[PDB]
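Chain nomenclature is as follows: A, B, C, D, E, F, G and H, assigned in order of appearance, with residue numbering initiated at 1 for each chain independently.
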Amino acid sequence: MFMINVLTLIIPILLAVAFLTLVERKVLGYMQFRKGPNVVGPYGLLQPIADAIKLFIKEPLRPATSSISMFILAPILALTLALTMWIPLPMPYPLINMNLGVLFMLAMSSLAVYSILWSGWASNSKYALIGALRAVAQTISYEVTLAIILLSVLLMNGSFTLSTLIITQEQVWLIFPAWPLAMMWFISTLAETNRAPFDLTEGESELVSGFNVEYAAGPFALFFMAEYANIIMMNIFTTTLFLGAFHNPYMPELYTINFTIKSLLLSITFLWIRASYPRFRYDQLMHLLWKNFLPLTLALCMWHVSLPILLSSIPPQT
Amino acid sequence: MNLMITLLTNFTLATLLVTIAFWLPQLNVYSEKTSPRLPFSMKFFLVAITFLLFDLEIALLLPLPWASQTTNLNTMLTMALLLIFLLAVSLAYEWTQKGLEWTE
Amino acid sequence: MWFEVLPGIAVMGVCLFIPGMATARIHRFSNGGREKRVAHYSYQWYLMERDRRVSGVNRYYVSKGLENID
Amino acid sequence: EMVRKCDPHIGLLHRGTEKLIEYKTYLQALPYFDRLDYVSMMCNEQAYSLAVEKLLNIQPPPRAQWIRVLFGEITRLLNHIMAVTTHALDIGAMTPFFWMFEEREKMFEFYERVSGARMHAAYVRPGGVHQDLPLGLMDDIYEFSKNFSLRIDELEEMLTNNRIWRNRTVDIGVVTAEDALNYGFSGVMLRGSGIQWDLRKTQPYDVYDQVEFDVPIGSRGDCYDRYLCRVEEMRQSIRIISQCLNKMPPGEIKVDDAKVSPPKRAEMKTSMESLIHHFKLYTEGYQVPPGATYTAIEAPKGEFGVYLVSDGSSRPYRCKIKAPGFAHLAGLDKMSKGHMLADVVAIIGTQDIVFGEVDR
Amino acid sequence: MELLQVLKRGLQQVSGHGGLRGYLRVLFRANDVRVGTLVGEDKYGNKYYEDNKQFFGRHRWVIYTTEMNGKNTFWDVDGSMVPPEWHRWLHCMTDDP
Amino acid sequence: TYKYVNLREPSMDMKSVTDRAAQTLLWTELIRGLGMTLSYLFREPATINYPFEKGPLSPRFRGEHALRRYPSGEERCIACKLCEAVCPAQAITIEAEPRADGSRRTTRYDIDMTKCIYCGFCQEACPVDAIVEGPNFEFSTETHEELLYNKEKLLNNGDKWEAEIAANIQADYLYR
Amino acid sequence: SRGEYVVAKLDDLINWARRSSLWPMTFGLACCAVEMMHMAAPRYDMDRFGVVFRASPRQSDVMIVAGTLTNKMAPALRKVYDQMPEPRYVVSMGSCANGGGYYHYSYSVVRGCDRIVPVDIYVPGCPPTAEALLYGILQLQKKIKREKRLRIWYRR
Amino acid sequence: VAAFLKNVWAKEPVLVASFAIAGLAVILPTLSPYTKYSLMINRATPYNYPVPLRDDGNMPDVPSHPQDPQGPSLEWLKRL
């Protein structure tokens, strides 16, 4: 009975990741004054299926790898972490109700850079490794503000428990006391998943994404679907964290409908940010972290430490 | 226990997807293709070390939502603002001595 | 026009609705028509194990009220 | 991170265009010029037409000159759309590309209505243009120009005040005015460095001394002022197109020297002299008196020159094609020093580079 | 409310193809279900439609026949299935069918 | 007769400084750009339904070549070789002899469509409207030699497309 | 029999998947790049056919050779072709990629890219219009639709 | 000090907001009248068991029953 619940978590994750590619190509189509796919299925609904079947019967590209073991383990680790980030998410009930779900998700997302690092090791090109080290330095840079913004918000929650964060936001959305934390959170999660305007691997400002370079890389579909699982998950986590919905304990479907609509709007906001801006240069998003976001994050961290003490609004532990 | 079952299930589904994505495109026999240190940067290593040290400072900051529940609140607030201030002082020394340069 | 993106958004929304609705219905099926007991703290687990021992069927979710006392 | 030396290796689209010109007549060598700066087709046509007309000692009729200036500014709108949108798409902004190529699609429809080809029209010819405007074309050019300002406005809404676009272009590719003069730069590569120079003003050709436009001048020599100069040149191209649509004269569209331009097909089939002249223009071609000219126009990429040498025959002897992208890409190595590898693609965007005219 | 007018226009598009069968027929062959004024039909079965309220480019269209010169063109429709007398009208070289 | 793009010194009073600081801290131009992208989300897209809808063309369009006839069936080409004399690609190859009734006609009329630059100089050089360049652009092949047209292919294109070619010449011959 | 039916329906499935998810790599060498960029522009819009614009060259299906192939970029063309995962197709766009074009007699131009790579669809024009290139892409899709990989596998 | 403040608010407003938020976080809990109640609420939250006292005979302030009048009260917390 529990394995049924695990599978009804993880298989609709993969189906939602499949149709996020359709939603991306359509919404980026209409924002670019064109259409997205509408030929392959009715209104494009067979495009993820056709594209997945195409990617699964396509040849392994040309080259060989430096390390077979890490070439195998990097997509395994990427997909495993991308699936385990969903199990403490209270929607309205988490699959694995743990006392430290926030800290669990922060730790498992900190583990996600090893897939990038091991895919940089496993490629033969010494330039793809440099691109991987740039990506690792980017992701570990924005994990700092993820941790401190998350701590500053949890000072109004009382615990690391994700299910308590529904109870915390019963009177107001938590974006009202913490909107600067919320906007730096949203941009930092955008910079976490290598998502535009922070996608330097998939774009220019890159020493190796330069057309007729070497570097045996993994099967693209696995890292791609791990990345879109991470995108939907970080938007659901932002929805739980700042825009927490009404929960009737006798009707859980009201909360599920409400957080689902908000998470869809927030993922479409990712789609609408990537179709609106040019890319940062690498030192420009290093600037944006280290000289812009981190001073405000430390200042608001001091503020959200000292603020429940001065307002007599310290939340309960339980 | 249910956590271990879930981790094993996620690891199994991931390994199954990886094994399919490596062995399913080997079904179609293809034409066998017969034709035909990295430079160091100090700034790349320095941003990683700056990450590590600020991450240890964050590791000090993580018990704050439990630390606000104490009865010694004046000492707690002093040491909380002092850890965030020492993180800010580490950032200011990293700023002013040209440490955040060309990866700013 | 722009309502052509709504079938894909609707399918993705149903796919996000399935996990939460699924875990709520499975928690109510596995726990006697009620919410799953949350035991974050060892007192909550102590009361839950006491319920499991007083229910007589090795199930914490079989509630015994005043009909169990004389 | 830094770029110490940037060596562009070119000739990967070198086709030996100006050797193939030497074995063809002047009318036959005209469609090579559509294919040089292939986002600037009728401007290069106009440059070669002015070179051959300067050697032939003839002039186009006034209506042909107004058609050339109208379609030269339509061509300038085409090229600055291509410039700004690919310069944004390489930096990363992908959406105004798709927005402005629908307007660029409508201007290719203008080319197809006037010539039959959407790009390589072979329309502006030595002597004038090939064929007259079809009826109702100027009304649709009016309907395009009446709305195109809003298109430039929303492009400029997406990019100009954007902090991410400005952080990629404001301190990037600074060229001093003296180095821009010394390195053979031309057009926006001069005018972004504050050099008040434009060949439509200083050395004016067909009827550019009769239209009325402003010339945008930069102040810092960077990628961002050259972006603003190209956007304001699209604004001023809309202004010139409004003046060309209002001041179009009646009359013929070829020079009425039938020893240079072909007679009409109605009189080719009726008159003996007209049939002889049609025969000898489409087989031998017109002879050009011996001499060498350097005719240069203000193309949308800069000074586009033709050093054309005639030997008295009906084929060019030498035809050197001066192009802006050659000198700009030569200056790429200076413009990228002390910058990063991401700044190099912004510098190849601010130098509007098309390798057909770089390579010939 | 003007959303009701949109839904009634959608339902009369369903009705204007002769019910759900013709609606799904044009939805899967054309990927486009809008209704138009039948300008004519050639000797192959290609049907040609107008809607001058559409923008220029959409306002004239063809529904291709299912069998032209022996080939099953139910799914294998082709741009060159249009005969030359309708090729001027469909490509808007004239206002005249 | 010139204007200065980007020669604006910003106001340094507290109102404008607070305006620019609010733009920095509250991302106002970024929300402007999001609003412009959202504005295009709710427009009707410019996408035509190819192949069921076709892009607009004029009667001057230069597509596939065709050899024409008089309204008797007699072919118009009288072998004068002006079209290969003017052909800037030398895509046209012509041989000729007097045919069996003594008429000046071609035996070879080749057009390599993969040399051809589709510039229509052959149709404007032709004194008898024989070679024209029709409206067909949907003639992609699967092999290279299917685009090396001989006289029979061009006469079949003429017989195939004459009902349209004659109407386009009828619309455009007064400009020529 | 039964196995012929099964391999026929599996050919139909994999041909549907491969033609309806074409990912093009574009050699935008010359003027035909401009017209492919119009084939991806909102009017014609290759992306609604499943044909994504600016796909990765590492995981592309069809190599659209759009421009003049010179002698100096013929080995780079062949190198990018050799780095493509099978099934790979090649659409030759325009007269210079088809047969040398306007530069056929040049000292520096490969007379058609079919001297270098195998070509599946030849799209004629200088340039062919964006509609003509989309015609060639749909003809490539029809060519994939009638492939018989598993039927010929079963009959060998 | 008014020229420097407007200059740093024109050039580096992120740092000005940073130092302003940090300075408010430092000097504000010593000025707030509710900082007393944070201490009062944390010391009134009963984590442990209230281990009772042996009634020796002289403890007039200690109640004998939870609902007795004498003892520590939380009416200030119900009302606030």
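To be clear about the criterion, contacts are C-beta pairs under 8 Å (C-beta built on N, C-alpha and C of every residue); 3 or more make two chains touch, one makes a residue touch a chain.
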| item | value |
| --- | --- |
| Length of the shortest touching-chain route, chain B through to chain E | 2 |
| Which of A-D and A-F has more C-beta contact pairs | A-D |
| Chain A-chain E separation of Cα centroids, rounded to whole Å | 44 |
| Separation of mean Cα positions, chain G and chain E [Å, integer] | 29 |
| Centroid spacing, where centroids are CA-atom means, of chain F and chain G in whole angstrom | 21 |
| Centroid spacing, where centroids are CA-atom means, of chain E and chain F in whole angstrom | 25 |
| Multi-partner residues of chain C (at least 2 other chains) | 1-2 |
| Contacts with two or more other chains, residues of chain H listed in rising order | 14, 17, 22, 25-26, 29, 38, 42, 45 |
| Residues of chain A whose C-beta touches two or more other chains | 2, 27, 29-36, 38-39, 42, 44, 57-60, 62, 95, 275-277, 282-284, 291, 295, 298, 302, 305-306, 308-309, 314, 316 |
| Chains that touch, pairwise | A-B, A-C, A-D, A-E, A-F, A-G, A-H, B-D, B-G, B-H, C-F, D-F, D-G, E-F, E-G, F-G, F-H |
| Complex contact set, residues of chain F against chain D | 1-7, 24, 29-30, 32-33, 36-37, 39-40, 46, 56-58, 60-62, 82, 85-86, 88, 117-121, 124-125, 127, 133, 172-173, 175-176 |
| Sites on chain H touched by chain A in the complex | 14-15, 17-22, 24-26, 28-29, 32, 34-38, 41-42, 45 |
| Chain A residues touching chain G - in the complex, by the definition given at the top | 25, 29, 32-40, 44, 46-47, 49-51, 53-55, 57-62, 211-212, 217, 220 |
| Contacting residues of chain E [partner chain A, same complex] | 27-28, 31 |
| Chain A to chain F touching residues, read off their complex | 27, 29-35, 183, 272-273, 275-277 |
